[PDB]
Amino acid sequence: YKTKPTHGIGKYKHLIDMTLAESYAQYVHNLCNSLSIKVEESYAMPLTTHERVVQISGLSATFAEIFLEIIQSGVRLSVXXXXXXXXXXXXXXXX
Amino acid sequence: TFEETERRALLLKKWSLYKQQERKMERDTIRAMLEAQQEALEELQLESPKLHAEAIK
Amino acid sequence: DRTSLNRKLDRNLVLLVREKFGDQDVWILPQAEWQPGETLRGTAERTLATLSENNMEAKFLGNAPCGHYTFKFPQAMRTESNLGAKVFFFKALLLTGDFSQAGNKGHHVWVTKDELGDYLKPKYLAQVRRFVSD
RNA sequence: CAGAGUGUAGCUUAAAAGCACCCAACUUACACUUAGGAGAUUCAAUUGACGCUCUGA
């Protein structure tokens with residue numbers, strides 16, 4: 001009841017090659033999860049070629065750098081633009 | 001076949017064992033880096049603040 | 001006092017220099033003391049150019065501006081200027097530039113972390129190097 | 001190489017636990033679930049002696 005000391009006890013609203021590439025993407029996702037970063041989305045973009053994405057948002061420079069290094073440590077990368085090499089992968093950021 | 005299956009299970013187990021160690025190692029490495037960073041920031045603060053600020057940016 | 005330091009990597013092999021040919025058969029990373037009137041990264045790049053002879057691209061602070069005066073400060077024996085000195089670090093990538101042993105260096109090679117040499121200790125320590133690698 | 005804090009596996013007003021963690025399958029992937037996997041009181045009688053963290057040289 002409103003006037004009772006147990007007022008808002010129920011209140012809840014306020015609380016609320018290709019294969020290889022895929023594997024790599026998965027790994028990246030896992031890493032992100034581990035390190036506590038928001039993985040927003042992932043795509044399945046179209047000899048043959050195959051692209052995968054891991055959309056990321058919010059990470060400080062030092063931490064970000066570390067993450068990048070870990071990713072670096074095959075196929076390719078593309079996010080300052082930071083490309084590298086060993087089908088295709090493209091971890092687009094939003095820091 | 002049975003024998004093959006048995007072999008396979010063992011192999012899988014081995015793989016699992018391997019992966020965890022690697023993961024642990026990676027974690028340790030990360031931790032080390034973090035520690036270094038922590039040290040570094042403190043040092044910067046102690047020494048010259050402008051530089052520290054720049055680093056942070 | 002201020003000391004810029006770099007850590008250029010290729011094939012998972014870190015590079016090393018011999019400034020003061022007679023005294024330093026022992027190796028360190030290619031960097032001396034700070035440069036006034038110039039910005040950290042830029043200064044580092046300049047230093048690298050002076051030593052290794054290249055264009056250079058510093059990524060940022062990796063994760064370990066080491067300090068060094070805190071952990072294992074320069075040796076009391078021999079006339080070494082033991083003062084308060086910060087040890088800034090940098091991770092970087094080269095674009096192009098051939099090597100040249102002249103003036104301020106004797107030799108320049110690339111070596112594994114586990115295959116570590118004698119090493120000086122005031123500028124760069126083996127343990128410190130390992131930590132940075134980690 | 002001299003001191004101080006101590007010292008249950010990642011982590012705990014745990015006492016060999018529960019959380020974490022790993023592999024496979026379902027999953028675009030994550031997530032969930034189902035199967036499995038691996039781990040510890042640093043060591044000698046509350047005392048001493050090996051391991052770290054930290055401060056000196």
# chains A, B, ... in the order shown; residues from 1 in each chain; ligands from 1

$ residues_around --residues "segment 31-46 of chain B" --least-positions-apart "6" --cutoff "7 Å" --atoms "only C-alpha atoms (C1' of nucleotides)" --output "PyMOL selection string"
(chain B and resi 52) or (chain C and resi 63-67+131-132+134)

$ interface_residues --of "chain D" --to "chain A" --cutoff "8 Å" --atoms "only C-alpha atoms (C1' of nucleotides)" --output "ChimeraX atom specification"
/D:28-30

$ residues_around --residues "residue 62 of chain A" --least-positions-apart "5" --cutoff "9 Å" --atoms "only C-alpha atoms (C1' of nucleotides)" --output "list in words"
residues 67 of chain A; 37, 55 and 56 of chain B; 60, 61, 62 and 63 of chain C

$ residues_around --residues "residue 30 of chain C" --least-positions-apart "2" --cutoff "10 Å" --atoms "only C-alpha atoms (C1' of nucleotides)" --output "number ranges by chain"
C: 4-8, 15-19, 27-28, 32, 44, 47-52, 105, 108

$ write_last_selection --atoms "N, CA, C and O atoms" --output "compact mmCIF listing (two decimals), in the first residue's frame"
# COMPACT_ATOMS: atom_id res chain seq x y z
N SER C 4 61.51 8.60 -22.83
CA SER C 4 60.65 7.94 -23.82
C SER C 4 61.29 6.61 -24.20
O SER C 4 62.51 6.53 -24.28
N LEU C 5 60.47 5.59 -24.40
CA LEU C 5 60.92 4.26 -24.82
C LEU C 5 59.92 3.65 -25.82
O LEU C 5 58.71 3.85 -25.70
N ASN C 6 60.45 2.93 -26.81
CA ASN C 6 59.63 2.27 -27.84
C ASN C 6 59.77 0.76 -27.78
O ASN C 6 60.70 0.24 -27.15
N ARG C 7 58.84 0.06 -28.42
CA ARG C 7 58.88 -1.40 -28.53
C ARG C 7 58.29 -1.86 -29.86
O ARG C 7 57.12 -2.25 -29.95
N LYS C 8 59.12 -1.80 -30.90
CA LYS C 8 58.72 -2.16 -32.25
C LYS C 8 58.80 -3.67 -32.44
O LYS C 8 59.80 -4.29 -32.08
N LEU C 15 63.45 -5.57 -31.38
CA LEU C 15 64.73 -5.04 -31.87
C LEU C 15 65.56 -4.40 -30.75
O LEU C 15 65.02 -4.00 -29.72
N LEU C 16 66.88 -4.31 -30.95
CA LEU C 16 67.83 -3.86 -29.91
C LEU C 16 69.07 -3.16 -30.49
O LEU C 16 69.50 -3.47 -31.59
N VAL C 17 69.67 -2.25 -29.70
CA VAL C 17 70.79 -1.39 -30.16
C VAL C 17 72.03 -1.39 -29.26
O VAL C 17 71.95 -1.76 -28.08
N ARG C 18 73.17 -0.95 -29.82
CA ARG C 18 74.44 -0.79 -29.10
C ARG C 18 74.98 0.65 -29.23
O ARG C 18 75.92 0.89 -30.00
N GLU C 19 74.40 1.60 -28.49
CA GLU C 19 74.99 2.95 -28.39
C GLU C 19 76.12 2.90 -27.36
O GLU C 19 75.98 2.25 -26.33
N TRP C 27 72.76 -4.99 -24.85
CA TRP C 27 71.69 -4.35 -25.65
C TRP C 27 70.62 -3.63 -24.83
O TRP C 27 70.38 -3.97 -23.67
N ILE C 28 69.99 -2.64 -25.46
CA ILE C 28 68.74 -2.02 -24.98
C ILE C 28 67.84 -1.65 -26.17
O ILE C 28 68.27 -1.75 -27.33
N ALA C 32 66.95 7.19 -26.02
CA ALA C 32 67.61 7.96 -24.96
C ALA C 32 66.60 8.80 -24.14
O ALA C 32 65.42 8.43 -24.06
N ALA C 44 59.39 10.32 -29.59
CA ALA C 44 59.74 8.90 -29.69
C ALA C 44 60.08 8.55 -31.14
O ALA C 44 61.10 7.89 -31.42
N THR C 47 63.34 9.99 -32.21
CA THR C 47 64.42 9.19 -31.61
C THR C 47 64.68 7.95 -32.45
O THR C 47 65.84 7.61 -32.75
N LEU C 48 63.58 7.30 -32.82
CA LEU C 48 63.62 6.08 -33.63
C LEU C 48 64.32 6.35 -34.96
O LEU C 48 65.19 5.58 -35.39
N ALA C 49 63.93 7.46 -35.57
CA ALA C 49 64.48 7.90 -36.85
C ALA C 49 65.99 8.09 -36.74
O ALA C 49 66.76 7.63 -37.60
N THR C 50 66.38 8.76 -35.66
CA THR C 50 67.78 9.05 -35.36
C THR C 50 68.57 7.76 -35.26
O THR C 50 69.66 7.59 -35.84
N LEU C 51 67.99 6.81 -34.54
CA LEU C 51 68.62 5.46 -34.43
C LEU C 51 68.46 4.54 -35.67
O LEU C 51 69.44 4.24 -36.40
N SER C 52 67.23 4.08 -35.88
CA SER C 52 66.93 3.01 -36.85
C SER C 52 66.79 3.46 -38.31
O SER C 52 66.95 2.64 -39.22
N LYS C 105 75.15 4.09 -32.90
CA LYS C 105 74.89 2.66 -32.72
C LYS C 105 75.95 1.77 -33.38
O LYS C 105 76.57 2.16 -34.37
N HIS C 108 72.27 -3.75 -34.92
CA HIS C 108 70.81 -3.74 -34.83
C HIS C 108 70.21 -5.05 -35.36
O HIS C 108 70.23 -5.31 -36.57

$ closest_residue --among "C:13, C:40, C:95, C:26" --to "chain B" --atoms "only C-alpha atoms"
C:40

$ atom_distance --atom1 "atom CA of residue 38 of chain A" --atom2 "atom CA of residue 77 of chain A"
19.2 Å

$ decode --residues "segment 26-37 of chain D" --atoms "N, CA and C atoms (P, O5', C5', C4', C3', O3' and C1' of nucleotides)" --output "PDB file, in the first residue's frame"
ATOM      1  P     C D  26      24.930 -29.682 -34.113  1.00  0.00           P
ATOM      2  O5'   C D  26      23.458 -29.071 -34.150  1.00  0.00           O
ATOM      3  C5'   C D  26      23.153 -27.763 -33.624  1.00  0.00           C
ATOM      4  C4'   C D  26      22.025 -27.850 -32.621  1.00  0.00           C
ATOM      5  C3'   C D  26      21.206 -26.580 -32.441  1.00  0.00           C
ATOM      6  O3'   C D  26      20.148 -26.471 -33.392  1.00  0.00           O
ATOM      7  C1'   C D  26      21.993 -27.254 -30.339  1.00  0.00           C
ATOM      8  P     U D  27      20.246 -25.432 -34.618  1.00  0.00           P
ATOM      9  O5'   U D  27      21.654 -24.717 -34.403  1.00  0.00           O
ATOM     10  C5'   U D  27      21.876 -23.352 -34.807  1.00  0.00           C
ATOM     11  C4'   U D  27      21.666 -22.411 -33.641  1.00  0.00           C
ATOM     12  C3'   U D  27      22.112 -20.971 -33.873  1.00  0.00           C
ATOM     13  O3'   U D  27      21.087 -20.120 -34.393  1.00  0.00           O
ATOM     14  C1'   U D  27      23.192 -21.810 -31.947  1.00  0.00           C
ATOM     15  P     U D  28      20.958 -19.814 -35.979  1.00  0.00           P
ATOM     16  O5'   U D  28      22.458 -19.563 -36.463  1.00  0.00           O
ATOM     17  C5'   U D  28      22.836 -19.779 -37.844  1.00  0.00           C
ATOM     18  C4'   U D  28      23.955 -18.849 -38.271  1.00  0.00           C
ATOM     19  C3'   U D  28      25.068 -18.626 -37.260  1.00  0.00           C
ATOM     20  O3'   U D  28      26.068 -19.634 -37.336  1.00  0.00           O
ATOM     21  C1'   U D  28      24.432 -16.556 -38.273  1.00  0.00           C
ATOM     22  P     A D  29      26.499 -20.413 -36.018  1.00  0.00           P
ATOM     23  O5'   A D  29      26.819 -19.233 -34.995  1.00  0.00           O
ATOM     24  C5'   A D  29      28.177 -18.870 -34.676  1.00  0.00           C
ATOM     25  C4'   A D  29      28.259 -17.490 -34.063  1.00  0.00           C
ATOM     26  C3'   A D  29      28.007 -17.385 -32.564  1.00  0.00           C
ATOM     27  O3'   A D  29      29.119 -17.821 -31.788  1.00  0.00           O
ATOM     28  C1'   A D  29      26.905 -15.614 -33.677  1.00  0.00           C
ATOM     29  P     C D  30      28.896 -18.472 -30.337  1.00  0.00           P
ATOM     30  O5'   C D  30      28.163 -17.310 -29.529  1.00  0.00           O
ATOM     31  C5'   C D  30      28.920 -16.204 -29.007  1.00  0.00           C
ATOM     32  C4'   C D  30      28.016 -15.147 -28.414  1.00  0.00           C
ATOM     33  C3'   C D  30      27.278 -15.513 -27.142  1.00  0.00           C
ATOM     34  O3'   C D  30      28.110 -15.526 -25.986  1.00  0.00           O
ATOM     35  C1'   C D  30      25.815 -14.346 -28.581  1.00  0.00           C
ATOM     36  P     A D  31      27.901 -16.652 -24.865  1.00  0.00           P
ATOM     37  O5'   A D  31      26.348 -16.541 -24.526  1.00  0.00           O
ATOM     38  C5'   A D  31      25.852 -15.456 -23.720  1.00  0.00           C
ATOM     39  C4'   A D  31      24.341 -15.461 -23.666  1.00  0.00           C
ATOM     40  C3'   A D  31      23.681 -16.672 -23.020  1.00  0.00           C
ATOM     41  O3'   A D  31      23.785 -16.644 -21.597  1.00  0.00           O
ATOM     42  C1'   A D  31      22.551 -16.160 -25.021  1.00  0.00           C
ATOM     43  P     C D  32      24.145 -17.984 -20.781  1.00  0.00           P
ATOM     44  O5'   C D  32      22.838 -18.875 -20.965  1.00  0.00           O
ATOM     45  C5'   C D  32      21.599 -18.439 -20.387  1.00  0.00           C
ATOM     46  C4'   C D  32      20.431 -19.228 -20.923  1.00  0.00           C
ATOM     47  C3'   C D  32      20.438 -20.721 -20.658  1.00  0.00           C
ATOM     48  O3'   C D  32      20.108 -21.039 -19.305  1.00  0.00           O
ATOM     49  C1'   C D  32      19.831 -20.343 -22.903  1.00  0.00           C
ATOM     50  P     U D  33      20.950 -22.152 -18.503  1.00  0.00           P
ATOM     51  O5'   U D  33      20.534 -23.508 -19.225  1.00  0.00           O
ATOM     52  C5'   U D  33      19.177 -23.978 -19.158  1.00  0.00           C
ATOM     53  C4'   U D  33      18.908 -24.999 -20.235  1.00  0.00           C
ATOM     54  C3'   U D  33      19.685 -26.301 -20.138  1.00  0.00           C
ATOM     55  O3'   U D  33      19.124 -27.175 -19.161  1.00  0.00           O
ATOM     56  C1'   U D  33      19.799 -25.510 -22.353  1.00  0.00           C
ATOM     57  P     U D  34      20.071 -28.131 -18.283  1.00  0.00           P
ATOM     58  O5'   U D  34      20.553 -29.220 -19.338  1.00  0.00           O
ATOM     59  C5'   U D  34      19.593 -30.072 -19.985  1.00  0.00           C
ATOM     60  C4'   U D  34      20.245 -30.934 -21.041  1.00  0.00           C
ATOM     61  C3'   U D  34      21.452 -31.750 -20.605  1.00  0.00           C
ATOM     62  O3'   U D  34      21.024 -32.924 -19.922  1.00  0.00           O
ATOM     63  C1'   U D  34      21.953 -30.660 -22.630  1.00  0.00           C
ATOM     64  P     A D  35      22.021 -33.698 -18.939  1.00  0.00           P
ATOM     65  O5'   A D  35      23.020 -34.411 -19.952  1.00  0.00           O
ATOM     66  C5'   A D  35      24.318 -34.862 -19.529  1.00  0.00           C
ATOM     67  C4'   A D  35      25.131 -35.289 -20.726  1.00  0.00           C
ATOM     68  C3'   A D  35      26.642 -35.368 -20.500  1.00  0.00           C
ATOM     69  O3'   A D  35      27.059 -36.720 -20.323  1.00  0.00           O
ATOM     70  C1'   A D  35      26.156 -33.761 -22.171  1.00  0.00           C
ATOM     71  P     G D  36      27.207 -37.352 -18.856  1.00  0.00           P
ATOM     72  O5'   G D  36      28.781 -37.317 -18.608  1.00  0.00           O
ATOM     73  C5'   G D  36      29.469 -36.077 -18.353  1.00  0.00           C
ATOM     74  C4'   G D  36      30.568 -35.870 -19.367  1.00  0.00           C
ATOM     75  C3'   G D  36      31.862 -35.296 -18.810  1.00  0.00           C
ATOM     76  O3'   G D  36      32.705 -36.328 -18.308  1.00  0.00           O
ATOM     77  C1'   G D  36      31.143 -33.951 -20.600  1.00  0.00           C
ATOM     78  P     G D  37      33.525 -36.106 -16.950  1.00  0.00           P
ATOM     79  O5'   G D  37      34.550 -34.955 -17.346  1.00  0.00           O
ATOM     80  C5'   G D  37      35.528 -35.177 -18.376  1.00  0.00           C
ATOM     81  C4'   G D  37      36.397 -33.957 -18.553  1.00  0.00           C
ATOM     82  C3'   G D  37      37.057 -33.420 -17.295  1.00  0.00           C
ATOM     83  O3'   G D  37      38.177 -34.233 -16.951  1.00  0.00           O
ATOM     84  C1'   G D  37      36.193 -31.626 -18.575  1.00  0.00           C
TER      85        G D  37
END
